[PDB]
Amino acid sequence: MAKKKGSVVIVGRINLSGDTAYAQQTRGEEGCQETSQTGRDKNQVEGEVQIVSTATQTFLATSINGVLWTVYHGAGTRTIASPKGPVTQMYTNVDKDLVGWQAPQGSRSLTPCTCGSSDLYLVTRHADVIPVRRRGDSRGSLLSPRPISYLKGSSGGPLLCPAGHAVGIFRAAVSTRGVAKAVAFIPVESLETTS
Ligand SMILES: COc1ccc2nc(C)c(O[C@@H]3C[C@H]4C(=O)N[C@]5(C(=O)NS(=O)(=O)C6(C)CC6)C[C@H]5/C=C\CCCCC[C@H](NC(=O)OC5CCC5)C(=O)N4C3)nc2c1
Ligand SMILES: [Zn+2]
């Protein structure tokens, strides 16, 4: 009676600004650990897709409509570190595997897709842009299957339409013999409802 869980910490981003997609690290392991305990993150934030970490897990978080969204199975109910201290979740929905905080100052938000397109692109934490054919409200198939190892740590990352709109938030992978054939995601409409 007489410990607390730490904050989620932004430790990098996936840069989608130019011709090449690439990951950038903005904070190393030691600063991440310290920032998770204090909840105080003075680092400038840029971009749409953040790489985030706890003391024990790393994954992604994506800004859509002024909210930084990620997965409950990564973040739990944790605060996120910010320049003025830990920030409490604005959205929590374990039934959707979904949490969200106010988007960080300096971030850019993706626009929710209204295209109705089924030709999607999943952005991973290694800056791979993986073609995915939409197969349902919350599922899509990989055009080129690959070991689940390549998707591990990319929950909270976006599925994008051809125009660069957000279609969904990656939450789970479907595999056979360790080979990822399909993905599950929180559809942007389910976020817009929550919103
Ligand atoms: C605790 O409260 C909770 C509320 C709701 C909730 N809802 C979920 C659907 C869920 O699923 C868990 C975690 C994800 C996961 O691993 N998410 C990815 C990821 O990368 N996580 S991660 O590494 O970033 C991490 C763990 C740091 C955060 C994206 C995957 C990548 C690789 C898969 C590895 C083998 C795993 C294959 C699984 N398959 C699958 O479950 O499929 C089924 C869904 C319908 C069929 C799978 O994907 N999960 C198993 N847990 C919860 C928990
Ligand atoms: Zn679109």
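Quick reminder, even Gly has a Cβ in these numbers, built from the backbone with ideal geometry, and neighbours come from all protein chains shown. Numbers and lists here come from the model and the stated rules, or from a named source; none is laboratory data.
What residue, among those in the stretch 136-159 that are hydrophobic (A, V, I, L, M, F, W, C) and under 21 Å from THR58 (Cα atoms), is farthest from ligand 2 (Cβ to nearest atom)?
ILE148
Could you list, in sequence order, all residues of the stretch 111-129 that are away from ligand 1 (no atom under 12 Å from the Cβ), closer than 15 Å to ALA21 by Cβ and in contact with a helix residue (DSSP H, G or I) (Cβ under 9 Å, 6 or more places away or on another chain)?
The one that is away from ligand 1 (no atom under 12 Å from the Cβ), closer than 15 Å to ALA21 by Cβ and in contact with a helix residue (DSSP H, G or I) (Cβ under 9 Å, 6 or more places away or on another chain): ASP128.
For the stretch 35-50, give me the residue count where each residue is in a loop (DSSP other than H, G, I, E, B) and either more than 16 Å from ligand 2 (Cβ to nearest atom) or of a type in the set (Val, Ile, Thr) (or both).
Final tally of qualifying residues: 8.
Which members of the stretch 82-100 meet the condition of being farther than 19 Å from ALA172 by Cβ and either away from ligand 1 (no atom under 16 Å from the Cβ) or aliphatic (A, V, I, L, M) (or both)?
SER82, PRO83, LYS84, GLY85, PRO86, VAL87, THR88, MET90
Name the residues in the stretch 143-167 that are within 12 Å of ligand 1 (Cβ to nearest atom) and either assigned to a strand (DSSP E or B) or assigned by CATH to the domain that holds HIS73 (or both), would you?
Matches in the stretch 143-167: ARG146, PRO147, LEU159.
Specify the residue that is surrounded by the fewest Cβ atoms within 10 Å (Cβ to Cβ); the eligible residues are those in the stretch 83-117 that are in a strand (DSSP E or B) and within 16 Å of ligand 2 (Cβ to nearest atom).
Only one residue tops the list, namely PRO112.
Out of all the residues in the stretch 22-60, which are over 19 Å from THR88 (Cα atoms) and basic (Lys, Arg)?
Passing the criteria: only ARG27.
When the residues of the stretch 168-181 are narrowed to those that are within 9 Å of ligand 1 (Cβ to nearest atom) and in a strand (DSSP E or B), which ends up farthest from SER144 (Cα to Cα)?
It comes out as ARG171.
Report yes if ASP41 is closer than 14 Å to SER82 by Cβ and not β-branched (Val, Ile, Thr), otherwise no.
Criteria met by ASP41.
Quick grid of which residues meet (1) crowded, with 24+ Cβ neighbours inside 10 Å; (2) of a type outside the set (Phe, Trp, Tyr); (3) not in a loop (DSSP other than H, G, I, E, B):
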residue	(1), (2), (3)
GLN33	no, yes, yes
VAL52	yes, yes, yes
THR56	no, yes, no
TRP69	yes, no, yes
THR77	no, yes, no
